[PDB]
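Here is the structure we will look at, set down as structure tokens.
Letters go in sequence order (proteins before strands), and every chain restarts at 1.
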Amino acid sequence: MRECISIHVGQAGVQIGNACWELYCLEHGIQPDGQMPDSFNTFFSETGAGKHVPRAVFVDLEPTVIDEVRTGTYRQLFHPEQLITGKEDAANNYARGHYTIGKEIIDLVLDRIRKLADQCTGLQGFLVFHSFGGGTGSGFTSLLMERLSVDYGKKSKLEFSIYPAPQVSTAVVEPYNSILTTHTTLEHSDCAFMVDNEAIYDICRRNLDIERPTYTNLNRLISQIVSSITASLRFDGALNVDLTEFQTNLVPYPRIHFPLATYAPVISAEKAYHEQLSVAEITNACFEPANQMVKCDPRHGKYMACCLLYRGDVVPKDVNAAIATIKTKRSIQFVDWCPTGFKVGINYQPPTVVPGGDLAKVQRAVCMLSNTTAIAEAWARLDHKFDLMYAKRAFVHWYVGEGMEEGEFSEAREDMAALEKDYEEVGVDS
Amino acid sequence: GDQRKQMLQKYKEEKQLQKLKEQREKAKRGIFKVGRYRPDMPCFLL
Ligand SMILES: Nc1nc2c(ncn2[C@@H]2O[C@H](COP(=O)(O)OP(=O)(O)OP(=O)(O)O)[C@@H](O)[C@H]2O)c(=O)[nH]1
Ligand SMILES: [Mg+2]
């Protein structure tokens, strides 16, 4: 049992999935062609004799990235009809991915997910990888999440995403897509993790001292985070973190389900020898504003619940010591209505190293997911960008052309402002 | 000689005034520039 289904929507999701599946194949020992020369049941199936098929699905409205997968070294891993492909890209348009182009591919992905979930007896949740800016990763992810909610229901729906950066962004119509997708993410996703590309670049520049990091390094870090998330399902440890109890401990209110991922230690090879990577120091480094994986300052916010996913050579004693030291620190501030705000999971499997990766071999690793109030700042700045572009009605006709109304933008903005008001209300003490 | 130095001071004042006017006109719209990033310093707990 303990099965999970991975969904990768858009280019960002497909490439992050390539990183994640290379990582899992390295972890469980499965060769790229699907043979091992137990614990893979969480992510891999069994087909006849010595075949491990990943429990994933690759959906994108343009063929380029999926055809990279179909021709790359992992072409034997997936069965051909698992990788789903449209004809025309959503073209950075929420409307195209949600109404016009996305409607001719949704039945096929839905029954593919149905058949993929029929093979597993202990399905726990879906991992949906997408981006908040692209037309596909916004619109089609919204459509898929609402169909999965009306179809599957009580199953958890974990969601990994690439939030647009405050400054360094690669799309012009990005805030529109982000607001439109969050208007449906607020209700159709049980726990949506936030990752920003700018923060990955900053982490790679400072810690991993890479002058020129590409998307493959970003996806490698994100894959490490997801592997740390699912290690409890895929391995054993002193304290196990199932997806359901993770969601229960991390989400205090139904609309507040946007925690911040962060991973530690992230270091270069040459920097690793001179560091005594103890549990206390990586636990401290998880709270460091420079090591945050989304460009927002936790100091301006107050934590509400943070889950600690230790893995490697970790004993609960020093975890308790580190948590106490954090509790004593005044810079890290917690809400008064959460006297205990740490969910702890210690695993036995150390984080593996992908060949050719930029991360050093480490005995211990921590993946913190803190549901802080600092994300209200990034959300409010995205709202400011949306308001600027919407006062002049710029780019709106590109959405009204194929299935949108002005009322959709107004509703999305009102819902997002309500979300900000909710975060402000839960921030203030009593 | 006093008249000559008074005229000298007046000339210097006029030159300074026109130079400042040109600087004010230039500063309204800077010229297009492009370089490297100069990343911001990371913030630390303090
Ligand atoms: N971290 C990371 N982000 C990516 C990667 N590839 C694309 N993105 C992000 O995706 C965002 C835009 O969406 P895309 O994935 O490019 O496009 P899409 O999701 O396929 O949707 P369309 O634009 O309609 O094609 C950009 O802001 C990128 O930050 C990647 O490999 N790694
Ligand atoms: Mg695309």
Note to self: Are there over 12 heavy-atom neighbours, none belonging to B:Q3, within less than 6.0 Å of that residue's CD?
What the structure shows: no
Next item on the list: Could you grab the distance from atom CG of B:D40 to atom NZ of A:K295, nearest 0.5 Å is fine?
Entry: 7.5 Å
Next item on the list: Below 4.5 Å from any heavy atom of chain B, which atoms of A:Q292 appear? Answer side chain, backbone, both or neither.
Entry: neither
Margin query: Does A:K392 have more than 12 heavy atoms from other residues, nucleotides or ligands lying within 6.0 Å of its NZ?
Written below: no
Next item on the list: Give, for atom SG of B:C43 and atom NE2 of A:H300, the distance between the pair rounded to the nearest 0.5 Å.
Entry: 7.5 Å
Next item on the list: Pick out which of A:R206, A:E288, A:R205 makes a side chain to side chain contact (heavy atoms under 4.5 Å, CB included) with B:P42.
Entry: A:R206
Next item on the list: Against chain B, label A:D297 side chain, backbone, both or neither, depending on which of its atoms sit under 4.5 Å from a heavy atom there.
Entry: side chain
Notebook entry, point to check: Would you say B:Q23 has more than 12 foreign heavy atoms packed within less than 6.0 Å of its CD?
Noted result: yes
Notebook entry, point to check: How about B:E22: does its CD atom have over 12 heavy atoms from other parts shown lying under 6.0 Å from it?
Noted result: no
Notebook entry, point to check: Is it true that a side-chain atom of A:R299 and a backbone atom of B:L46 form a donor plus acceptor pair closer than 3.5 Å?
Noted result: no
